[PDB]
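Peer 1: Let me give you the structure first, and then I'll get to my questions.
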Amino acid sequence: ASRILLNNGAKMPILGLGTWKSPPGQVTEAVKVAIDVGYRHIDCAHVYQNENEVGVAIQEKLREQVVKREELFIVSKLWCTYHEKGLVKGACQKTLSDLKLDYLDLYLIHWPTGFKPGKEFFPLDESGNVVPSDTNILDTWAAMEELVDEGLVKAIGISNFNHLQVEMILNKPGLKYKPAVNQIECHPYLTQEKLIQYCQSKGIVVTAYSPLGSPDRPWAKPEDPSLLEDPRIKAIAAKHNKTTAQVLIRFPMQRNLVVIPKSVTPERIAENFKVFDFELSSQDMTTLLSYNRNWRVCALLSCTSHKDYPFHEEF
Ligand SMILES: NC(=O)c1ccc[n+]([C@@H]2O[C@H](COP(=O)([O-])OP(=O)(O)OC[C@H]3O[C@@H](n4cnc5c(N)ncnc54)[C@H](OP(=O)(O)O)[C@@H]3O)[C@@H](O)[C@H]2O)c1
Ligand SMILES: O=C(O)COC(=O)c1cc2ccccc2c2c1S(=O)(=O)N(CC(=O)O)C2=O
């Protein structure tokens with residue numbers, strides 16, 4: 001099926017469009033095309049500095065009568081510098097105002113780490129470490145719950161939380177809403193079997209980010225593994241007469257994950273959506289799972305001393 005049931009009774013489309021690194025000067029067209037060829041889920045964030053331009057595209061297609069708002073599944077994320085309980089509503093309203101929406105379908109805590117409030121997205125000391133804030137996951141969660149109760153967001157969840165951090169929330173005395181989603185990095189070089197088993201057994205839907213291995217990531221090194229150019233995965237694709245990207249998008253779909261590949265290239269946006277006409281076999285799945293090397297595109301290496309840094313735990 002094309003949509004997966006959330007704990008709030010709403011259905012979330014399992015294929016979404018990512019917008020990290022989609023330049024403001026190109027993402028409006030990207031979103032318009034995406035909606036034209038079938039995407040109903042758009043993954044956004046304040047820190048991507050393009051929510052205005054995403055909102056432009058959504059408004060144009062609403063006005064064109066291409067789609068209705070209730071058909072769209074729009075996700076955004078609370079950035080690290082806004083974890084203080086008193087800042088959360090404002091950050092959410094700023095996203096809403098940029099997106100020109102009166103609600104989000106899903107709002108995530110982008111990272112478990114809070115950063116010093118301020119204009120700078122990554123405030124650093126003088127030795128490259130992040131300046132943290134005096135915030136904690138549970139208080140931030142309570143502030144996220146308020147957003148649901150106020151009608152600004154239909155569901156809330158988390159991203160880049162390890163299983164102990166998810167458990168902190170789950171076990172919170174006085175919890176009002178469980179997280180609906182945990183959005184994590186996931187692809188054949190980081191297959192996340194243990195965190196995925198954890199989340200799914202707790203009724204939390206997992207969204208896989210960087211499913212193509214984020215070749216456009218800003219700290220890419222030449223020696224780094226490149227999923228899209230992996231000859232082994234290329235062989236799996238050729239056998240299905242699909243491209244490597246299509247294989248990499250279908251793979252999480254067959255693990256009951258949501259997946260959100262990013263493109264601003266109209267041809268690729270369309271191609272990437274054509275992954276409902278084929279099935280990966282059991283061998284394919286097994287083979288791709290076997291490529292795990294616990295390799296992260298997004299390791300937030302500037303925050304490794306932060307008290308809530310998520311990736312010291314095995315999972
Ligand atoms: N929660 C968080 O911490 C977090 C972190 C990272 C990412 N995410 C979300 O997940 C999304 C996906 O992750 P990502 O942006 O890191 O990377 P990705 O989707 O793995 O890869 C994007 C790169 O792949 C290229 N691409 C797309 N389709 C292609 C195709 N068919 N053939 C060849 N190249 C193709 C894109 O190029 P063009 O765009 O130039 O076509 C872009 O350079 C993000 O945009 C964001 O929405 C969330
Ligand atoms: O701090 C580091 O060690 C490396 O720099 C970053 O990770 C970084 C910088 C960033 C600097 C300015 C805007 C966004 C930045 C992002 C990121 S990110 O990869 O966490 N990430 C993806 C996401 O959070 O969805 C970002 O949107």
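Residues in the structure tokens are numbered from 1 in each chain, the chains being A, B, ... in the order shown, and ligands are numbered from 1 in the order shown.
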Ligand 2: which residues are within 10 Å, counting only C-alpha atoms and all ligand atoms? Reply as a PyMOL selection string.

Peer 2: chain A and resi 18-21+43-49+77-80+110-111+120-124+128-130+159-160+183-185+209-210+214+217-219+297-304

Peer 1: Can you pull out every residue within 9 Å of range 191-195 of chain A, counting only C-alpha atoms, but drop anything in the same chain fewer than 2 positions away, and send it as a PyMOL selection string?

Peer 2: chain A and resi 162-163+184-189+197-200+288-294+314-315

Peer 1: From a backbone DSSP assignment, name each residue in range 62-264 of chain A labelled helix (DSSP H, G or I), as a PDB file with N, CA and C atoms, in the first residue's frame.

Peer 2:
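Ended up saving to out.pdb:
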```pdb
ATOM      1  N   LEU A  62      -2.299  23.981  -4.760  1.00  0.00           N
ATOM      2  CA  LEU A  62      -3.623  24.043  -4.137  1.00  0.00           C
ATOM      3  C   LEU A  62      -4.513  24.931  -4.993  1.00  0.00           C
ATOM      4  N   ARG A  63      -4.025  26.110  -5.333  1.00  0.00           N
ATOM      5  CA  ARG A  63      -4.820  27.058  -6.109  1.00  0.00           C
ATOM      6  C   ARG A  63      -5.188  26.568  -7.515  1.00  0.00           C
ATOM      7  N   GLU A  64      -4.353  25.787  -8.164  1.00  0.00           N
ATOM      8  CA  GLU A  64      -4.553  25.149  -9.462  1.00  0.00           C
ATOM      9  C   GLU A  64      -5.580  24.034  -9.397  1.00  0.00           C
ATOM     10  N   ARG A  69      -5.650  20.207   0.405  1.00  0.00           N
ATOM     11  CA  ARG A  69      -4.701  20.114   1.529  1.00  0.00           C
ATOM     12  C   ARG A  69      -4.745  18.789   2.253  1.00  0.00           C
ATOM     13  N   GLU A  70      -5.933  18.221   2.425  1.00  0.00           N
ATOM     14  CA  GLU A  70      -6.123  16.990   3.180  1.00  0.00           C
ATOM     15  C   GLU A  70      -5.419  15.799   2.544  1.00  0.00           C
ATOM     16  N   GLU A  71      -5.143  15.875   1.255  1.00  0.00           N
ATOM     17  CA  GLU A  71      -4.375  14.910   0.499  1.00  0.00           C
ATOM     18  C   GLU A  71      -2.855  14.985   0.677  1.00  0.00           C
ATOM     19  N   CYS A  80      17.533  22.565  16.495  1.00  0.00           N
ATOM     20  CA  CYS A  80      18.285  22.345  17.691  1.00  0.00           C
ATOM     21  C   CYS A  80      18.363  23.594  18.555  1.00  0.00           C
ATOM     22  N   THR A  81      18.300  24.758  17.939  1.00  0.00           N
ATOM     23  CA  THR A  81      18.406  26.012  18.682  1.00  0.00           C
ATOM     24  C   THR A  81      17.079  26.463  19.294  1.00  0.00           C
ATOM     25  N   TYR A  82      16.042  25.656  19.103  1.00  0.00           N
ATOM     26  CA  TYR A  82      14.712  25.983  19.599  1.00  0.00           C
ATOM     27  C   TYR A  82      14.150  24.927  20.532  1.00  0.00           C
ATOM     28  N   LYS A  85      11.388  25.004  26.011  1.00  0.00           N
ATOM     29  CA  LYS A  85       9.924  24.986  25.978  1.00  0.00           C
ATOM     30  C   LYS A  85       9.314  26.288  25.493  1.00  0.00           C
ATOM     31  N   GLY A  86       9.858  27.437  25.845  1.00  0.00           N
ATOM     32  CA  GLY A  86       9.314  28.732  25.480  1.00  0.00           C
ATOM     33  C   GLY A  86       9.555  29.140  24.039  1.00  0.00           C
ATOM     34  N   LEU A  87      10.328  28.367  23.281  1.00  0.00           N
ATOM     35  CA  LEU A  87      10.651  28.716  21.915  1.00  0.00           C
ATOM     36  C   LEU A  87       9.966  27.816  20.896  1.00  0.00           C
ATOM     37  N   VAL A  88       9.407  26.733  21.381  1.00  0.00           N
ATOM     38  CA  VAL A  88       8.917  25.700  20.447  1.00  0.00           C
ATOM     39  C   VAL A  88       7.738  26.161  19.602  1.00  0.00           C
ATOM     40  N   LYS A  89       6.753  26.811  20.208  1.00  0.00           N
ATOM     41  CA  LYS A  89       5.574  27.237  19.448  1.00  0.00           C
ATOM     42  C   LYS A  89       5.954  28.227  18.373  1.00  0.00           C
ATOM     43  N   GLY A  90       6.803  29.173  18.721  1.00  0.00           N
ATOM     44  CA  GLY A  90       7.271  30.144  17.750  1.00  0.00           C
ATOM     45  C   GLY A  90       8.009  29.536  16.585  1.00  0.00           C
ATOM     46  N   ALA A  91       8.829  28.515  16.867  1.00  0.00           N
ATOM     47  CA  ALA A  91       9.547  27.854  15.756  1.00  0.00           C
ATOM     48  C   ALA A  91       8.574  27.145  14.838  1.00  0.00           C
ATOM     49  N   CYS A  92       7.559  26.533  15.447  1.00  0.00           N
ATOM     50  CA  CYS A  92       6.535  25.836  14.664  1.00  0.00           C
ATOM     51  C   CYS A  92       5.736  26.837  13.849  1.00  0.00           C
ATOM     52  N   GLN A  93       5.355  27.963  14.479  1.00  0.00           N
ATOM     53  CA  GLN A  93       4.576  28.949  13.726  1.00  0.00           C
ATOM     54  C   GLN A  93       5.375  29.574  12.607  1.00  0.00           C
ATOM     55  N   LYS A  94       6.693  29.703  12.791  1.00  0.00           N
ATOM     56  CA  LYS A  94       7.544  30.277  11.746  1.00  0.00           C
ATOM     57  C   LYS A  94       7.574  29.358  10.535  1.00  0.00           C
ATOM     58  N   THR A  95       7.737  28.067  10.767  1.00  0.00           N
ATOM     59  CA  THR A  95       7.632  27.078   9.691  1.00  0.00           C
ATOM     60  C   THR A  95       6.281  27.113   8.985  1.00  0.00           C
ATOM     61  N   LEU A  96       5.201  27.152   9.757  1.00  0.00           N
ATOM     62  CA  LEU A  96       3.839  27.215   9.233  1.00  0.00           C
ATOM     63  C   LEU A  96       3.675  28.446   8.332  1.00  0.00           C
ATOM     64  N   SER A  97       4.182  29.557   8.865  1.00  0.00           N
ATOM     65  CA  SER A  97       4.053  30.829   8.127  1.00  0.00           C
ATOM     66  C   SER A  97       4.846  30.759   6.839  1.00  0.00           C
ATOM     67  N   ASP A  98       6.063  30.228   6.838  1.00  0.00           N
ATOM     68  CA  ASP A  98       6.862  30.042   5.625  1.00  0.00           C
ATOM     69  C   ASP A  98       6.229  29.081   4.609  1.00  0.00           C
ATOM     70  N   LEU A  99       5.640  28.006   5.132  1.00  0.00           N
ATOM     71  CA  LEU A  99       5.003  26.969   4.328  1.00  0.00           C
ATOM     72  C   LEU A  99       3.617  27.409   3.852  1.00  0.00           C
ATOM     73  N   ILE A 137      15.320  16.211  26.605  1.00  0.00           N
ATOM     74  CA  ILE A 137      14.351  15.613  25.693  1.00  0.00           C
ATOM     75  C   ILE A 137      12.947  15.653  26.244  1.00  0.00           C
ATOM     76  N   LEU A 138      12.849  15.339  27.549  1.00  0.00           N
ATOM     77  CA  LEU A 138      11.453  15.226  28.011  1.00  0.00           C
ATOM     78  C   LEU A 138      10.720  16.544  28.024  1.00  0.00           C
ATOM     79  N   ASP A 139      11.378  17.650  28.364  1.00  0.00           N
ATOM     80  CA  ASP A 139      10.712  18.940  28.423  1.00  0.00           C
ATOM     81  C   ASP A 139      10.401  19.392  27.004  1.00  0.00           C
ATOM     82  N   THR A 140      11.351  19.099  26.113  1.00  0.00           N
ATOM     83  CA  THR A 140      11.082  19.471  24.718  1.00  0.00           C
ATOM     84  C   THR A 140       9.867  18.711  24.197  1.00  0.00           C
ATOM     85  N   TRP A 141       9.805  17.414  24.524  1.00  0.00           N
ATOM     86  CA  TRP A 141       8.627  16.623  24.154  1.00  0.00           C
ATOM     87  C   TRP A 141       7.328  17.219  24.681  1.00  0.00           C
ATOM     88  N   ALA A 142       7.336  17.663  25.944  1.00  0.00           N
ATOM     89  CA  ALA A 142       6.094  18.227  26.483  1.00  0.00           C
ATOM     90  C   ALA A 142       5.640  19.432  25.680  1.00  0.00           C
ATOM     91  N   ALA A 143       6.629  20.229  25.252  1.00  0.00           N
ATOM     92  CA  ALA A 143       6.313  21.396  24.442  1.00  0.00           C
ATOM     93  C   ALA A 143       5.816  20.963  23.064  1.00  0.00           C
ATOM     94  N   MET A 144       6.324  19.854  22.534  1.00  0.00           N
ATOM     95  CA  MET A 144       5.795  19.366  21.258  1.00  0.00           C
ATOM     96  C   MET A 144       4.341  18.904  21.414  1.00  0.00           C
ATOM     97  N   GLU A 145       4.022  18.225  22.520  1.00  0.00           N
ATOM     98  CA  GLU A 145       2.659  17.791  22.800  1.00  0.00           C
ATOM     99  C   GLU A 145       1.686  18.940  22.785  1.00  0.00           C
ATOM    100  N   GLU A 146       2.127  20.094  23.284  1.00  0.00           N
ATOM    101  CA  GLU A 146       1.217  21.240  23.329  1.00  0.00           C
ATOM    102  C   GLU A 146       0.763  21.604  21.929  1.00  0.00           C
ATOM    103  N   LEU A 147       1.673  21.406  20.977  1.00  0.00           N
ATOM    104  CA  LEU A 147       1.370  21.791  19.594  1.00  0.00           C
ATOM    105  C   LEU A 147       0.219  20.955  19.044  1.00  0.00           C
ATOM    106  N   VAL A 148       0.216  19.670  19.384  1.00  0.00           N
ATOM    107  CA  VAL A 148      -0.888  18.793  18.970  1.00  0.00           C
ATOM    108  C   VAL A 148      -2.163  19.303  19.614  1.00  0.00           C
ATOM    109  N   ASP A 149      -2.087  19.546  20.925  1.00  0.00           N
ATOM    110  CA  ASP A 149      -3.301  19.955  21.649  1.00  0.00           C
ATOM    111  C   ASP A 149      -3.847  21.284  21.184  1.00  0.00           C
ATOM    112  N   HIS A 163      17.725   4.163  20.652  1.00  0.00           N
ATOM    113  CA  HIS A 163      16.581   3.519  21.301  1.00  0.00           C
ATOM    114  C   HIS A 163      16.393   3.949  22.748  1.00  0.00           C
ATOM    115  N   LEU A 164      17.444   4.240  23.497  1.00  0.00           N
ATOM    116  CA  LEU A 164      17.355   4.722  24.869  1.00  0.00           C
ATOM    117  C   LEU A 164      16.716   6.097  24.929  1.00  0.00           C
ATOM    118  N   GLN A 165      16.930   6.904  23.891  1.00  0.00           N
ATOM    119  CA  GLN A 165      16.290   8.218  23.894  1.00  0.00           C
ATOM    120  C   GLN A 165      14.800   8.115  23.608  1.00  0.00           C
ATOM    121  N   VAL A 166      14.424   7.192  22.730  1.00  0.00           N
ATOM    122  CA  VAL A 166      13.026   6.933  22.441  1.00  0.00           C
ATOM    123  C   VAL A 166      12.396   6.404  23.739  1.00  0.00           C
ATOM    124  N   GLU A 167      13.113   5.499  24.391  1.00  0.00           N
ATOM    125  CA  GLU A 167      12.569   4.942  25.644  1.00  0.00           C
ATOM    126  C   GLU A 167      12.344   5.991  26.710  1.00  0.00           C
ATOM    127  N   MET A 168      13.190   7.014  26.793  1.00  0.00           N
ATOM    128  CA  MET A 168      13.023   8.124  27.711  1.00  0.00           C
ATOM    129  C   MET A 168      11.650   8.752  27.545  1.00  0.00           C
ATOM    130  N   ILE A 169      11.312   8.984  26.287  1.00  0.00           N
ATOM    131  CA  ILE A 169       9.986   9.516  25.988  1.00  0.00           C
ATOM    132  C   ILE A 169       8.856   8.541  26.303  1.00  0.00           C
ATOM    133  N   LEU A 170       9.004   7.306  25.888  1.00  0.00           N
ATOM    134  CA  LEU A 170       7.966   6.287  26.041  1.00  0.00           C
ATOM    135  C   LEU A 170       7.629   6.095  27.517  1.00  0.00           C
ATOM    136  N   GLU A 193      19.029  -2.553  11.619  1.00  0.00           N
ATOM    137  CA  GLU A 193      18.104  -3.631  11.979  1.00  0.00           C
ATOM    138  C   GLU A 193      17.631  -3.528  13.423  1.00  0.00           C
ATOM    139  N   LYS A 194      18.568  -3.316  14.343  1.00  0.00           N
ATOM    140  CA  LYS A 194      18.220  -3.189  15.751  1.00  0.00           C
ATOM    141  C   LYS A 194      17.352  -1.975  16.056  1.00  0.00           C
ATOM    142  N   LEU A 195      17.617  -0.774  15.536  1.00  0.00           N
ATOM    143  CA  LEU A 195      16.720   0.348  15.911  1.00  0.00           C
ATOM    144  C   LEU A 195      15.372   0.196  15.224  1.00  0.00           C
ATOM    145  N   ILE A 196      15.366  -0.328  14.002  1.00  0.00           N
ATOM    146  CA  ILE A 196      14.129  -0.563  13.259  1.00  0.00           C
ATOM    147  C   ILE A 196      13.312  -1.604  14.014  1.00  0.00           C
ATOM    148  N   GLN A 197      13.929  -2.722  14.415  1.00  0.00           N
ATOM    149  CA  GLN A 197      13.140  -3.684  15.211  1.00  0.00           C
ATOM    150  C   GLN A 197      12.553  -3.048  16.457  1.00  0.00           C
ATOM    151  N   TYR A 198      13.350  -2.249  17.154  1.00  0.00           N
ATOM    152  CA  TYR A 198      12.921  -1.572  18.362  1.00  0.00           C
ATOM    153  C   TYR A 198      11.690  -0.712  18.065  1.00  0.00           C
ATOM    154  N   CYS A 199      11.886   0.234  17.130  1.00  0.00           N
ATOM    155  CA  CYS A 199      10.796   1.176  16.866  1.00  0.00           C
ATOM    156  C   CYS A 199       9.529   0.460  16.439  1.00  0.00           C
ATOM    157  N   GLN A 200       9.664  -0.465  15.493  1.00  0.00           N
ATOM    158  CA  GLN A 200       8.438  -1.070  14.970  1.00  0.00           C
ATOM    159  C   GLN A 200       7.773  -1.876  16.076  1.00  0.00           C
ATOM    160  N   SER A 201       8.593  -2.405  16.991  1.00  0.00           N
ATOM    161  CA  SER A 201       7.889  -3.185  18.031  1.00  0.00           C
ATOM    162  C   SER A 201       7.175  -2.284  19.031  1.00  0.00           C
ATOM    163  N   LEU A 227      26.781   4.669  -2.696  1.00  0.00           N
ATOM    164  CA  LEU A 227      25.735   3.716  -2.977  1.00  0.00           C
ATOM    165  C   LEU A 227      25.292   3.736  -4.431  1.00  0.00           C
ATOM    166  N   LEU A 228      25.062   4.949  -4.933  1.00  0.00           N
ATOM    167  CA  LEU A 228      24.536   4.986  -6.290  1.00  0.00           C
ATOM    168  C   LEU A 228      25.528   4.388  -7.276  1.00  0.00           C
ATOM    169  N   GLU A 229      26.818   4.312  -6.940  1.00  0.00           N
ATOM    170  CA  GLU A 229      27.735   3.829  -7.989  1.00  0.00           C
ATOM    171  C   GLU A 229      28.227   2.437  -7.636  1.00  0.00           C
ATOM    172  N   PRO A 231      28.658  -1.160  -7.883  1.00  0.00           N
ATOM    173  CA  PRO A 231      28.450  -2.098  -9.000  1.00  0.00           C
ATOM    174  C   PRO A 231      27.519  -3.243  -8.632  1.00  0.00           C
ATOM    175  N   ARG A 232      27.509  -3.615  -7.363  1.00  0.00           N
ATOM    176  CA  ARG A 232      26.679  -4.728  -6.916  1.00  0.00           C
ATOM    177  C   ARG A 232      25.194  -4.379  -6.979  1.00  0.00           C
ATOM    178  N   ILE A 233      24.894  -3.121  -6.672  1.00  0.00           N
ATOM    179  CA  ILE A 233      23.496  -2.676  -6.592  1.00  0.00           C
ATOM    180  C   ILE A 233      22.998  -2.353  -7.982  1.00  0.00           C
ATOM    181  N   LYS A 234      23.911  -1.846  -8.788  1.00  0.00           N
ATOM    182  CA  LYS A 234      23.722  -1.683 -10.212  1.00  0.00           C
ATOM    183  C   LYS A 234      23.323  -2.994 -10.886  1.00  0.00           C
ATOM    184  N   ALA A 235      23.933  -4.096 -10.471  1.00  0.00           N
ATOM    185  CA  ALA A 235      23.589  -5.407 -11.012  1.00  0.00           C
ATOM    186  C   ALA A 235      22.179  -5.813 -10.606  1.00  0.00           C
ATOM    187  N   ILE A 236      21.832  -5.520  -9.350  1.00  0.00           N
ATOM    188  CA  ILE A 236      20.457  -5.837  -8.934  1.00  0.00           C
ATOM    189  C   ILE A 236      19.460  -5.034  -9.747  1.00  0.00           C
ATOM    190  N   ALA A 237      19.666  -3.734  -9.921  1.00  0.00           N
ATOM    191  CA  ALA A 237      18.822  -2.909 -10.764  1.00  0.00           C
ATOM    192  C   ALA A 237      18.684  -3.372 -12.203  1.00  0.00           C
ATOM    193  N   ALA A 238      19.810  -3.690 -12.835  1.00  0.00           N
ATOM    194  CA  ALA A 238      19.788  -4.098 -14.247  1.00  0.00           C
ATOM    195  C   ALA A 238      18.951  -5.335 -14.505  1.00  0.00           C
ATOM    196  N   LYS A 239      19.014  -6.228 -13.521  1.00  0.00           N
ATOM    197  CA  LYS A 239      18.209  -7.430 -13.544  1.00  0.00           C
ATOM    198  C   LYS A 239      16.718  -7.122 -13.494  1.00  0.00           C
ATOM    199  N   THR A 244      19.481   2.195 -10.250  1.00  0.00           N
ATOM    200  CA  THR A 244      19.989   1.975  -8.902  1.00  0.00           C
ATOM    201  C   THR A 244      19.196   2.745  -7.855  1.00  0.00           C
ATOM    202  N   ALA A 245      18.859   3.997  -8.152  1.00  0.00           N
ATOM    203  CA  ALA A 245      18.043   4.792  -7.241  1.00  0.00           C
ATOM    204  C   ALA A 245      16.714   4.117  -6.941  1.00  0.00           C
ATOM    205  N   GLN A 246      16.039   3.500  -7.903  1.00  0.00           N
ATOM    206  CA  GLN A 246      14.729   2.905  -7.788  1.00  0.00           C
ATOM    207  C   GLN A 246      14.805   1.691  -6.881  1.00  0.00           C
ATOM    208  N   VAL A 247      15.914   0.961  -7.082  1.00  0.00           N
ATOM    209  CA  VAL A 247      16.204  -0.148  -6.196  1.00  0.00           C
ATOM    210  C   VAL A 247      16.407   0.340  -4.765  1.00  0.00           C
ATOM    211  N   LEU A 248      17.174   1.421  -4.565  1.00  0.00           N
ATOM    212  CA  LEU A 248      17.471   1.944  -3.243  1.00  0.00           C
ATOM    213  C   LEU A 248      16.284   2.547  -2.501  1.00  0.00           C
ATOM    214  N   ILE A 249      15.262   2.925  -3.273  1.00  0.00           N
ATOM    215  CA  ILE A 249      14.003   3.492  -2.767  1.00  0.00           C
ATOM    216  C   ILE A 249      13.045   2.348  -2.455  1.00  0.00           C
ATOM    217  N   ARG A 250      12.967   1.353  -3.336  1.00  0.00           N
ATOM    218  CA  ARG A 250      12.119   0.192  -3.091  1.00  0.00           C
ATOM    219  C   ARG A 250      12.532  -0.644  -1.891  1.00  0.00           C
ATOM    220  N   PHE A 251      13.829  -0.718  -1.619  1.00  0.00           N
ATOM    221  CA  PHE A 251      14.375  -1.538  -0.543  1.00  0.00           C
ATOM    222  C   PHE A 251      13.761  -1.178   0.796  1.00  0.00           C
ATOM    223  N   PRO A 252      13.781   0.078   1.278  1.00  0.00           N
ATOM    224  CA  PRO A 252      13.148   0.378   2.563  1.00  0.00           C
ATOM    225  C   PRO A 252      11.643   0.174   2.522  1.00  0.00           C
ATOM    226  N   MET A 253      11.032   0.406   1.373  1.00  0.00           N
ATOM    227  CA  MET A 253       9.580   0.196   1.251  1.00  0.00           C
ATOM    228  C   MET A 253       9.222  -1.245   1.622  1.00  0.00           C
TER     229      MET A 253
END
```

Peer 1: Measuring atom to atom with only C-alpha atoms and all ligand atoms, identify which of A:281, A:207, A:254, A:241 is nearest to ligand 1.

Peer 2: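 Residue with the minimum atom-to-atom distance to ligand 1: A:207.
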
Peer 1: Would you please work out which residue, of A:32, A:221, A:274, A:83, is nearest to residue 112 in chain A when using only C-alpha atoms?

Peer 2: A:83

Peer 1: Rounded to one decimal in Å, what is the spacing between CA of residue 158 in chain A and CA of residue 179 in chain A?

Peer 2: 6.6 Å

Peer 1: Quick one: DSSP strand (DSSP E or B) residues in range 205-257 of chain A, as a list in words?

Peer 2: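 Result set for range 205-257 of chain A (strand (DSSP E or B)): residues 205, 206, 207, 208 and 209 of chain A.
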
Peer 1: In Å, how far is it from atom 27 (C, counted along the ligand's line) of ligand 1 to CA of residue 309 in chain A?

Peer 2: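 Going from atom 27 (C, counted along the ligand's line) of ligand 1 over to CA of residue 309 in chain A, I get 28.5 Å.
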
Peer 1: To one decimal place, how far is CA of residue 30 in chain A from atom 48 (C, counted along the ligand's line) of ligand 1 in Å?

Peer 2: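 Computing it gives 17.1 Å between the two atoms.
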
Peer 1: What lies within 12 Å of residue 23 in chain A using only C-alpha atoms, ignoring chain neighbours under 6 positions off, as a ChimeraX atom specification?

Peer 2: /A:29-31,48-54,216,262-265

Peer 1: Could you dump the residues just selected with N, CA and C atoms as a PDB file, in the first residue's frame?

Peer 2:
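Saved result, selection_17.pdb, follows:
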```pdb
ATOM      1  N   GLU A  29      10.133  24.581  -8.232  1.00  0.00           N
ATOM      2  CA  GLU A  29       9.838  23.728  -9.389  1.00  0.00           C
ATOM      3  C   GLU A  29       9.890  22.265  -9.001  1.00  0.00           C
ATOM      4  N   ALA A  30      10.832  21.915  -8.111  1.00  0.00           N
ATOM      5  CA  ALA A  30      10.955  20.523  -7.712  1.00  0.00           C
ATOM      6  C   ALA A  30       9.674  20.048  -7.052  1.00  0.00           C
ATOM      7  N   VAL A  31       9.143  20.899  -6.166  1.00  0.00           N
ATOM      8  CA  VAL A  31       7.941  20.469  -5.447  1.00  0.00           C
ATOM      9  C   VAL A  31       6.734  20.404  -6.384  1.00  0.00           C
ATOM     10  N   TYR A  48      16.635  23.859   6.624  1.00  0.00           N
ATOM     11  CA  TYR A  48      16.947  23.718   5.216  1.00  0.00           C
ATOM     12  C   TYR A  48      16.836  25.057   4.495  1.00  0.00           C
ATOM     13  N   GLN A  49      16.330  26.090   5.179  1.00  0.00           N
ATOM     14  CA  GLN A  49      16.352  27.454   4.680  1.00  0.00           C
ATOM     15  C   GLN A  49      15.683  27.628   3.330  1.00  0.00           C
ATOM     16  N   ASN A  50      14.721  26.765   3.096  1.00  0.00           N
ATOM     17  CA  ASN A  50      13.925  26.774   1.865  1.00  0.00           C
ATOM     18  C   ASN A  50      12.435  26.560   2.062  1.00  0.00           C
ATOM     19  N   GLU A  51      11.909  26.715   3.282  1.00  0.00           N
ATOM     20  CA  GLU A  51      10.494  26.396   3.487  1.00  0.00           C
ATOM     21  C   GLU A  51       9.578  27.422   2.817  1.00  0.00           C
ATOM     22  N   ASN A  52       9.941  28.691   2.757  1.00  0.00           N
ATOM     23  CA  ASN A  52       9.226  29.636   1.896  1.00  0.00           C
ATOM     24  C   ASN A  52       8.939  29.112   0.507  1.00  0.00           C
ATOM     25  N   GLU A  53      10.007  28.645  -0.132  1.00  0.00           N
ATOM     26  CA  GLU A  53       9.945  28.246  -1.539  1.00  0.00           C
ATOM     27  C   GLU A  53       9.200  26.948  -1.741  1.00  0.00           C
ATOM     28  N   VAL A  54       9.334  26.021  -0.796  1.00  0.00           N
ATOM     29  CA  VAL A  54       8.405  24.878  -0.754  1.00  0.00           C
ATOM     30  C   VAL A  54       6.946  25.279  -0.620  1.00  0.00           C
ATOM     31  N   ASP A 216      25.327  14.357  -2.498  1.00  0.00           N
ATOM     32  CA  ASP A 216      25.441  15.809  -2.457  1.00  0.00           C
ATOM     33  C   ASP A 216      25.767  16.297  -1.046  1.00  0.00           C
ATOM     34  N   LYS A 262      15.590  12.685  -2.018  1.00  0.00           N
ATOM     35  CA  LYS A 262      15.669  14.079  -2.419  1.00  0.00           C
ATOM     36  C   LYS A 262      16.128  14.230  -3.880  1.00  0.00           C
ATOM     37  N   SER A 263      15.416  15.079  -4.601  1.00  0.00           N
ATOM     38  CA  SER A 263      15.948  15.552  -5.893  1.00  0.00           C
ATOM     39  C   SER A 263      15.324  16.906  -6.202  1.00  0.00           C
ATOM     40  N   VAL A 264      16.038  17.770  -6.887  1.00  0.00           N
ATOM     41  CA  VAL A 264      15.487  18.942  -7.559  1.00  0.00           C
ATOM     42  C   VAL A 264      15.480  18.762  -9.078  1.00  0.00           C
ATOM     43  N   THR A 265      15.911  17.633  -9.617  1.00  0.00           N
ATOM     44  CA  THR A 265      15.940  17.349 -11.061  1.00  0.00           C
ATOM     45  C   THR A 265      14.648  16.713 -11.566  1.00  0.00           C
TER      46      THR A 265
END
```

Peer 1: Select, from A:24, A:266, A:222, A:213, the residue with the minimum atom-to-atom distance to ligand 1, counting only C-alpha atoms and all ligand atoms.

Peer 2: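 Closest residue, counting only C-alpha atoms and all ligand atoms: A:213.
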
Peer 1: When you count only C-alpha atoms and all ligand atoms, which of these residues is closest to ligand 1: A:153, A:42, A:204, A:66?

Peer 2: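 Nearest candidate to ligand 1 out of A:153, A:42, A:204, A:66: A:42.
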
Peer 1: Under the rule that only C-alpha atoms are counted, which of A:205, A:212, A:131, A:37 is the nearest residue to residue 6 in chain A?

Peer 2: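 Checking each candidate against residue 6 in chain A, we get A:205 as the closest.
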